[PDB]
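A short write-up of the structure that comes next.
No Cβ is skipped: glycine too gets one built from the backbone with ideal geometry, and neighbour counts run over all protein chains shown. Only the coordinates and a few stated rules stand behind these numbers; no lab work does.
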Amino acid sequence: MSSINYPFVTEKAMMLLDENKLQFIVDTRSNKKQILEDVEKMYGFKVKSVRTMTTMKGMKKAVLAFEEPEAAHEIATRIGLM
Amino acid sequence: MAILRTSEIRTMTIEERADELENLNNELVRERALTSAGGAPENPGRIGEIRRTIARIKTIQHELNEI
Amino acid sequence: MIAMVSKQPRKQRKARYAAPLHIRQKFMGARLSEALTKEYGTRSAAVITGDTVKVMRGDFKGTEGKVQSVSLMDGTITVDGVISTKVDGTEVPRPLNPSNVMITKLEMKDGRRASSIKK
Amino acid sequence: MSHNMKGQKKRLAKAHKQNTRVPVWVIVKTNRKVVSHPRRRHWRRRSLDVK
RNA sequence: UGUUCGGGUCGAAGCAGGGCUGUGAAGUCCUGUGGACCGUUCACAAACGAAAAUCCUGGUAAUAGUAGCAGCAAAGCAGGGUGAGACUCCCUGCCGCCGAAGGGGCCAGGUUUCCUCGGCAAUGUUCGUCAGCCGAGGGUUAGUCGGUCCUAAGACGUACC
RNA sequence: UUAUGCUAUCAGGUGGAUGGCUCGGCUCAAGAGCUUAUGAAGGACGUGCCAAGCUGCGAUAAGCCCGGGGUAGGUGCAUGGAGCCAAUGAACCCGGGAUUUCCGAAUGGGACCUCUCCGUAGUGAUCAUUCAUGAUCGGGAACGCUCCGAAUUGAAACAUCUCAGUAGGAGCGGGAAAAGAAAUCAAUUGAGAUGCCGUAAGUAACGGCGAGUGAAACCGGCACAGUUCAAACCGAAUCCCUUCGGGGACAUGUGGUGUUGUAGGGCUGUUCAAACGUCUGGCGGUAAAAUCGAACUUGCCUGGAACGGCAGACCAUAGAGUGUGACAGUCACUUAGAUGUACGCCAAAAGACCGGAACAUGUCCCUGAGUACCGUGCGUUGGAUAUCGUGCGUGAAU
Ligand SMILES: [Mg+2]
Ligand SMILES: [Mg+2]
Ligand SMILES: [Mg+2]
Ligand SMILES: [Mg+2]
Ligand SMILES: [Mg+2]
Ligand SMILES: [Mg+2]
Ligand SMILES: [Mg+2]
Ligand SMILES: [Mg+2]
Ligand SMILES: [Mg+2]
C-alpha cells in the first residue's frame, strides 16, 4: 500500500529544507523500511536515514535525509511546495 | 467530460493505464500538499474527481486481471 | 402507484416526504394547453427548464415566461418575470409550484422527451 | 508520565479531535438548528474513560 | 363513534374582562386579542371532572441586597506605560514571603492544560485590557534514555479426569 | 405630592400553560422466516474542499464496475460559499460483481499492550475416510426439545399442602420443532396412526379430607399417508474414491427376498401380472424496479392568496386519500380497471425406471434381554394397595 500521502508545509518543515531534508506525512501503519523504498522508487534519490514521529492529530510525520546535495530543493521544486 | 471515462480506460494498453495512474497519483500528492497549508484550493473539485478516476482505473485493472 | 390500502394520512405523507429521487420527477407535473393535449394524447405533462408557462394562481395570474430552473427536493420551479425585491432593492426569483402553471410551448431537445411524456 | 502504547495514544488523539466548535457554515446552512454536539467537554472536569 | 341539521378568512378554537339565564353543576351573548377549524337531534362508549396524598414534574417568591468573600502564610507603595475604561495587566525603584520547603528531578494519574496571535457573553469568590477561560494556527525526531529481554510471588491456555 | 403601605383593574417584563398541527408511538390481522472459516453479528480507528455529531463506507474509503427501469438535473440528516459531475444518459430504484484496515467464533505465538513477536507466508482444538479432502465452533425478537431447580405469598400463625415444576440455570436446535402408524381404547357384540381446537368438567381423583390442586376416554371439527430394518433362504451376485490406470470397505456378512396377530414370513407347488413411488418434460401459472388510466383550473364577489358564496359545464367499473397561498370527483400524485417484467419457483399432457396381489401343503425353520416383570428407597402425579421416572438388588419365555 502507498505510504506517502503528501509533503508537510508548515514553517518548521520549510527550515528543514535548507540543509537538504524533507518532511512527509506517511501512512500511520508503516515502518522505516517501507518509507525508504517508496521514496527511493518515487524520486530515485538514495535516502540516508529517516526519523519518525507520531503527532497528536493522529497522523505520522517522517523526516528524510538525502545523500546527494541539492536533492531536496529540486524534489520540492517538482512537487510544488515551492 | 471526466478526467477519463471507462471507455478510454478499457481501450488503452497496460503501460498506458499504469502511466495514467502514476500521473494521477502525482497530481493528487501536489494538490494535497498545497491544501495542507490552510489555503483555499484553486479548484476544490479536483480531489474528488481525481480519487474517483483512480478508483475507476484500479477497478478496471483488477477486472482485466492486470493486477 | 399506492393503492386504496393507503388511506391513512400518516402513510401518504410518509410516501410524499421520504420519496426516492426518481419519484420526485413525477411531482413536477403541470397541465398542458389545449393543442398540446390534443396532439400528444396526454392530459398533462412534466415541467422542464426551457419551456414557456402561463401562471394561473397567485399574485401573477396571466404572466408568461420561461422556466429558469427546477429543483427536485424543494418541489418548486422558477419562472421569468415572477420576482421579489429585497429591502435594499434586488430582484430575486420567487419559487412557484408546477400545479399552478400551464404549459404552452414544450422544449424538445433530449430526443427522449417525446417518449418520456407518454408511454 | 503515563507511558502509553500505540492504541491508547490513538484513542486520546481522537477524543482530542472531538472538542471542536460546530462549523459556522453548518449553523448558516441549518438556519440555527444545529449549535452544539454532545462531544464537548473540558480537561479539568469529568475524566474521559477513553483509556 | 353511528346518525339528523348546520357555522367559519365579511374571521374557528383558545385567552382576559363583562351582561343575562338556571336552586346548581353550567349555558349563551358582548368587547379586546387571535389567524383555522367547530358544533347540534337521537343513541352509544371511556386512558371522563382535583384543593389537599412530609403527592410527582416545571416555573417562581419572601428570607435579602442579607450570610459568605477574616482565624492555618496580616503586603504592598511611588513613578512611567497600554487602553474606551486601571487597587487588580506591563517596566523600574523601595518594602516583603518560603528558603532541609511554597525551590530542583520525576512515578502513578491527567490528556494538549504546552507556545504564538486575536477576544472578554459566561468561568475566576471583586474588577480585568489578564488568564490553566473562549477562537485560529503551531509544537514531541533515539543502535547508546526507557519499554522490548530474564525470572520472583502468582496468574492464564491445551490435554487428562 | 401622606412617606412605608392595603385592595381591585390596566400596560409591560419573566415564564411556557391552553388551543390548533404532527414524517413518532402502541395494539390487532395477513405474509415471510435462518446466517457464519469463501471469515458473521458486534466493536475500535479512519474517510468529506471548507466537516464537530449522526448516517453510509474501508487506504479503490458519504464510495468503483455491469444489466434493466427513469429522464434532466445531482452533490446524506442539513436549500451556505467556491467548484466539480451529467445527452459517452447522470442522480435515483431493482438484480449481479469488485475492493473490504485491526479486533472479534478469532484460529502461527502473546494481550491492566485493539497492537505486537518470529517470519519457518503459518491445517487453533476435537473428529471421519479412499488419508485427495471433509465436518463442528459464533449470532438470531420470541417460539421449540432435554436435564437441574427456590423463596416471599395463601392456609388470616405454621411444618404436609400451596406459591410451582413457577422465577432462575446448563445443553441442543429449525423455519418451524416435538409426536406419530397399537403388546391401544372400550364392554358384553365396537373403534382403528399423530397433532391442535370444542366438550366432558371444576366432574372422577388427591388433601392438617382444611385451604386448595385436578384429568382422561366416548363425541364434534381442522388436516389426512403410510412405511423401513434384524432373522429365517441364497453367500460377494454389493458400496464408495479416482489422475479412469487403479485403490478402499467387506465372510466378525456388502447385496437380494421380508416386515406381521380373528398371526406373518421362508422352504415346497399353482395363478393373476404389475398398484404406490423416483427421474426426464416444460402446456401453462406465479413473477423487480415499472407503464397506461375519465372529466373546469369557466364568469362576478370577498380576500394577501380561492379548493369558498352566487351563476354555468362535465365525469364516474374512478365521490378511498394526500399535496397545492383557506373547504378540490374534474390542478398534481392517485383511485376503479388493465398491461409489462430478467433471475427464480410451481406445474399439466407425454416418455423411462425397481416392482405387486391371491391360493394350497407342515414333530419343518425365523420373529429385537440384564430387556419385560418383581422387591426396596426417593422425586413427581388427579393417580387413590390402581401415574410416570430411576438408585440399588433379583430376573423369564419364545
Ligand atoms: Mg393542582
Ligand atoms: Mg526566612
Ligand atoms: Mg467576574
Ligand atoms: Mg522514536
Ligand atoms: Mg400464612
Ligand atoms: Mg449453534
Ligand atoms: Mg418417533
Ligand atoms: Mg401442581
Ligand atoms: Mg379519486
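Summary table
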quantity: 3J(HN,Hα) from dihedral phi, region C:108-119, Karplus parametrisation 6.51/-1.76/1.60, rounded to Hz, x for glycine, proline; calculated: 9, 10, 5, x, 6, 4, 4, 5, 5, 4, 9, 6
quantity: Efficiency of FRET between C:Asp74 and B:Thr59 - r from beta-carbon atoms, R0 41 angstrom, step 0.05; calculated: 0.70
quantity: Chain D: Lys pairs at Cα distance under 26 angstrom, eight or more positions apart or on different chains; calculated: 11
quantity: Ranked A:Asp27, A:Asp18, criterion: other C-beta atoms within 10 Å, fewest first; calculated: A:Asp18, A:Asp27
quantity: Inter-site label distance for D:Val22 and D:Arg40 at 7 Å from Cα along Cβ, in nm; calculated: 0.9
quantity: Overall form of chain A per C-alpha gyration tensor (a/c, 1.5; a/b vs b/c); calculated: oblate
quantity: Spin-label zone in region A:27-42 - amide nitrogen under 20 Å from a point set 7 Å from the Cα of B:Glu15 along the C-beta vector; calculated: A:42
quantity: Set of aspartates and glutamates with alpha-carbon distance to A:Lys12 below 20 Å, sequence-local pairs under 8 removed; calculated: A:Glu70, A:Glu74
quantity: Nearest-ten-degree value, helix B:46-63 long axis tilted from longest Cα axis of chain B; calculated: 20
quantity: Distant-in-sequence amide H partners of C:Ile83 (H built 1.01 Å from N, under 5 Å); calculated: C:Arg94
quantity: Calculated from backbone phi, Karplus (6.51, -1.76, 1.60) coupling profile of region C:56-64 in Hz, x at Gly/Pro; calculated: 10, 9, x, 7, 10, 4, x, 7, 10
quantity: Vicinal HN-Hα couplings computed from phi for region A:18-26 (Karplus, 6.51 cos²θ - 1.76 cosθ + 1.60; Hz; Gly/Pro x); calculated: 5, 8, 6, 8, 10, 8, 9, 9, 10
quantity: Shape category assigned to chain C from the gyration tensor of Cα positions, a/c cut at 1.5; calculated: oblate
quantity: Long-range amide H partners of D:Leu48 with built H, under 5 Å; calculated: none
quantity: Amide H partners (placed H, <5 Å) of C:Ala19, local residues excluded; calculated: none
quantity: 29 Å Cα cut-off, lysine pairs counted over region C:1-95 (separation 8 or more, or different chains); calculated: 14
